[PDB]
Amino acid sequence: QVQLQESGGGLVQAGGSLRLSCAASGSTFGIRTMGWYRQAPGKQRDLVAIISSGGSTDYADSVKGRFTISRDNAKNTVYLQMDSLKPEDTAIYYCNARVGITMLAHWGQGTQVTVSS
């Protein structure tokens, strides 16, 4: 069982930055991937950044070059550095790992990101 603790979001001006933190606990040793998802108002939740245990990363086109996902193994935390924020980035952000059809963990409350202009 893996629990995920999301933090770092909030209200920020366009062009500003936020750093999201996804802290994992439980059977964390075997986590293959970890993704940052976002869910804009009224929209499906989509994966926008993902990192492998090896540190490999992948990004949704919309956030490429602006968001950076990284992990600190010692702290069992996966970060999303969000730079050059746009109003279009407003969403609740969640971290999770997909395991087949289902997810590694119950979805957390996520962390609201609101980008004002």
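Each residue number is its position in the shown sequence, starting from 1.
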Stretch with the greater mean C-alpha B-factor as recorded in the entry, comparing 24-32 against 75-83: 24-32
Per the entry, higher mean C-alpha B factor between 61-69 and 88-96: 61-69
Entry-reported Cα temperature factor of residue 117, expressed as the chain third it lands in: highest
Relative C-alpha B-factor of residue 111, binned into the chain's lowest, middle or highest third: lowest
For residue 7, the third of its chain into which the C-alpha B factor falls: lowest
